[PDB]
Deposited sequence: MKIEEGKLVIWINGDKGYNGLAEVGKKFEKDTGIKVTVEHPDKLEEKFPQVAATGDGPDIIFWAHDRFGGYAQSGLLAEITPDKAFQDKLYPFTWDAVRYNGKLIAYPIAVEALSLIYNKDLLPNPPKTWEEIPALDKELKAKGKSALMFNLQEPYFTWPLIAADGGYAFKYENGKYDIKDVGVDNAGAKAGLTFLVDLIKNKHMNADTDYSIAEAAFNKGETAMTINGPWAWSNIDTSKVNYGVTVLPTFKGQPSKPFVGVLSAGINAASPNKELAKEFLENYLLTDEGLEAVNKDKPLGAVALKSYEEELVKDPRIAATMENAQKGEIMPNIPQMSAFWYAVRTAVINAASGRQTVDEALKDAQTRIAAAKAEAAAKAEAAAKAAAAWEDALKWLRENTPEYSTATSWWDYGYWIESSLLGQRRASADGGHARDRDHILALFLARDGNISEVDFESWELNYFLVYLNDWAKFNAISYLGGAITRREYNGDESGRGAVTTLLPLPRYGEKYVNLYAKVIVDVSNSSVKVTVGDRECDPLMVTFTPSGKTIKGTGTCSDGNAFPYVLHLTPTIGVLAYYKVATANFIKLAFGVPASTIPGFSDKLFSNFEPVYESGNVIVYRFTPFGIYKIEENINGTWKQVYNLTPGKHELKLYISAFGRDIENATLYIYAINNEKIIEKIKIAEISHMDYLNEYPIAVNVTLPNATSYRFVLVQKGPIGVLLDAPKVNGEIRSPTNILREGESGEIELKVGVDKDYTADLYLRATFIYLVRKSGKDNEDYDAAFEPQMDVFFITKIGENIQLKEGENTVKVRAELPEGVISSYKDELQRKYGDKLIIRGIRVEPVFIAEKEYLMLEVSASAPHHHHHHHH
């Protein structure tokens, strides 16, 4: 499992994982950072599953073709090699790892299949696939076969199938892409028929896989196999006398292998992204690093110039490059896994007899066309999102303070706890993060299963089904309003509210929500949560003037719905009115809303007049007897002062102190009465001043001239001279501390952490360990600060083992930060109101 301060690496079991581990030993020897190499089964399928929760390795190795889908899913960090490092590698290897313009992985080596032949059995291997039956019959007379290779994977078989005219890919525009038109042409039919015939005529067996083919060739049973450079080591060991040469032709045309770049990507979930970078750039991608790996299992033609210059003298590498020259470079588009499913199913089915050759190819063609239309749909919607986001970001640059902190969907768990939950547990301390603006995106309803699981609302099963793939729920479903109906045509939901009444219809049946809520009337209707056929319907339905939402009961009052759909339902009276004084919508374009965050807001002012209390929305110049209703979100008010800034046009003309608040619990707020006298002005800002975090780090910090992690600036024990570049939007006298934050989960259901009945409750504990700087005088714009500082040993790890004590096997630690934090008296805008 991933941990701060060490590296986990995944690579396939056919590559040089033991040599890679030797690189990792050198790293640890120079660096103190332990590196673990693993080769899980089906790693290319496991990765997107586990990385979607925030698990998986720090670094994943695979051929470049899968990485686009990973990147599109947010699973990969953009890598940041400088031009000097890029120049060390062959320039066009970088194109394999570039996706929508960005570099998403490091290229390591170019791979292609070759024909490998036993020179004692077959000094003159056939050029042609056509020669293979007659050759096999002849060798069968002395107990040998002509050719064995992996028939289970289309990486190996498709080159035959596409040989007779056919590119599997097309340059479509800007990019190599999957070819849909003419997948089942006469050339492909001829290739796959040829293969099926080799099987039916008993020159090959449909069950032959990678292990069977390898053991056969390496024990001298078969004169030929097809494989990549990685296979050469086990051949050398077996002492077979072998050559590597050009793939056979079919119908006079080359067998065009797939050309893959073995590539190293950094998991977005990694808190070790700088370490991963150092390992890959300065340890792996060096002559010594690649040599260690290559000496375990050969890499092929490596991306690193200096080392490839040695390798290209080997005739086996020359043969590999000759096949790669004739091959098809794989796209890295997201539809690549669906392509491979299609083409994998086709060969298996045709080879096993499950389908005729033409039915096999027809269904592949239909799958590939379906995948392409989905890609075209997505790209249209990703453009839509692109531009809404772009307006919202432009608006933020133009209209918010320069060093303002903004977020959007370790911290992921805490965002999720805010978004997926309701009431007291959802009051997360965003001010700790110096959060200023929260962006919400209405379309994240489609991502709500992950958000709900990560925020502890639902179980692993509800999130994405159990082992078999059963039990997933739909957490949120939007229902646009068309007259007196709310409809989701896709999901076949119709809600009719005509005739002052509600009828819910899903497909053909009438369904009875557990509850319906109406906003803004606040009417509610309790129902059974079932459909008329007797099946469960565990959903709540909320209707608003413009939209409806169907929500799974466990997220029926999620704060996301409050913020994105304007549904104020809460299990805590008061909660929603409070929330909206802490999140103020200051802009909205497309389906993006930007909220101004303040931990301290006023959601109601009452004024006493003629002796009766009445809520007011503005205030005139003069005297008022007032009662302010305050929301504290996620942290307490402590030793605060309350002011009114009288405002004219955009200028503070007076500061008027109206109250002191020594304490207010964030879960138990109470009204404050004040009597005030206001001068003339266009408007009045209510402003709270108390201690809190200020400043934004500009570059990574340095300890003793060394570049360090802003989230883990010092290990426990360590000390040093520290230097920080800090931005502030105004001047401050600040203290500086080291502050640790622990984010962890606690299992609250299920028998163990692997049970699909498990849900996990996130928690964040923040504490200030040491004051390392007093009265530092920060000035508007940029600043350099330098102090000596030590993090005592025991601080981290002491807490870590107290968590153990309290939670045992329920505990899962997700992040531990040690951060430098400035603290000063800071202003919080609680509410601005007009004069008149």
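Residues 1, 411-435, 863-872 of the deposited sequence have no C-alpha coordinates in the model.
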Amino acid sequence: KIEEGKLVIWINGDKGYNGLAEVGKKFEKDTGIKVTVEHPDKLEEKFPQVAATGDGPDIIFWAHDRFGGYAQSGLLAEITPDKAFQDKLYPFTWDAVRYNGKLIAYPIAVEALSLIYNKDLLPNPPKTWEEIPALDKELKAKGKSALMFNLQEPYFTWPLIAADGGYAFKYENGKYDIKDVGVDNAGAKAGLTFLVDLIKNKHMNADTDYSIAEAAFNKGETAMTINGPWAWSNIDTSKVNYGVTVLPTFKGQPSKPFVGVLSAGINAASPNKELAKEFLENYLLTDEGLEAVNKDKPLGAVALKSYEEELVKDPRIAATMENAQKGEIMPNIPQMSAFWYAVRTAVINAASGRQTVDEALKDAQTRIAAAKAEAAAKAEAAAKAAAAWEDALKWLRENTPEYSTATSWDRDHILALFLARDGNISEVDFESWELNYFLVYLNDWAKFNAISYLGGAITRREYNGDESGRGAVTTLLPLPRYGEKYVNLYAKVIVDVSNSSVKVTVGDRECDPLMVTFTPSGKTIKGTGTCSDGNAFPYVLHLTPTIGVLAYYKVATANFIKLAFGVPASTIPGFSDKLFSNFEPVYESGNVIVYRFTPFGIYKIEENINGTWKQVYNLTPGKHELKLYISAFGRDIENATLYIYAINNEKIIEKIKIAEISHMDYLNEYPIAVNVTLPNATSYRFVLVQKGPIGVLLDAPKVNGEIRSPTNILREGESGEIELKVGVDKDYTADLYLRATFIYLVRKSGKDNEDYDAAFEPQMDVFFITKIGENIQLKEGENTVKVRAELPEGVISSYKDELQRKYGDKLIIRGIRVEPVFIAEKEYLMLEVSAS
From here on, numbers count along this sequence of modelled residues.
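Relative to its counterpart among 172-180 and 338-346, 172-180 has the higher mean temperature factor, C-alpha atoms as listed in the PDB entry. For the pair 788-796 and 802-810, the record assigns the higher mean C-alpha temperature factor to 788-796. Across the options 703, 79, 454, 541, the residue with the most elevated CA B-factor in the record is 703. Reading the B-factor column for the CA atoms of 44, 65, 58, 782 in the entry, the top value corresponds to 782. The PDB entry assigns residue 833 a C-alpha temperature factor belonging to the highest third of its chain's modelled residues. The entry lists a Cα temperature factor for residue 634 that places it in the lowest third of the chain's modelled residues. Among the modelled residues of the chain, residue 823 sits in the highest third by CA temperature factor in this PDB entry. In this PDB entry, the Cα temperature factor of residue 70 sits in the bottom third of its chain's modelled residues, the lowest group. Among all modelled residues in this chain, the alpha-carbon of residue 548 has a temperature factor (C-alpha) in the lowest third.
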